[PDB]
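The data below hold one chain only, encoded as C-alpha cells and taken in the form deposited in one PDB entry.
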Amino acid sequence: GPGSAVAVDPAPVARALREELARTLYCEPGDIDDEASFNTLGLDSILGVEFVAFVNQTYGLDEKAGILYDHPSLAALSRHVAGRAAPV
C-alpha cells in the first residue's frame, strides 16, 4: 500500500501486446521480453501495420506502423498506448 511510488497502468497493456506479438511473429510469449526489440523478434512494416491495426481498435487510437520504430520495445510501446488510451 503506502511507502511506494509504483502503479499498475502499462503492465495490463504489455501482457496484451506480448500475446499479439506471439501470434503475429509465430513465436512463444515467453520468448518476448519487456526490453526486447521488435525488428529482432521478426516484425517489419507489413506485419507491423496489422499489429497497430489491433492497437488502434482496442485502445481507440489512429497511429501508423512508424510508431513501432519510435517505440521498438515492449516497455516503450505499452506506456505510449497506456498514456494515449481513452477513459472508459
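Start at 1 with the first residue shown and count on from there.
Absent from the display: the form deposited with a partner chain bound. The rest refers to it.
Its partner chain is not shown here, but in the entry with it bound it comes within 4.5 Å of a heavy atom of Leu25. Among heavy atoms of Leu61, none comes within 4.5 Å of its partner chain in the entry with it bound. Its partner chain is not drawn, but in the entry with it bound it has no heavy atom within 4.5 Å of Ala14. When contacts are judged by a 4.5 Å heavy atom cut-off, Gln57 does not count as touching its partner chain in the entry with it bound.
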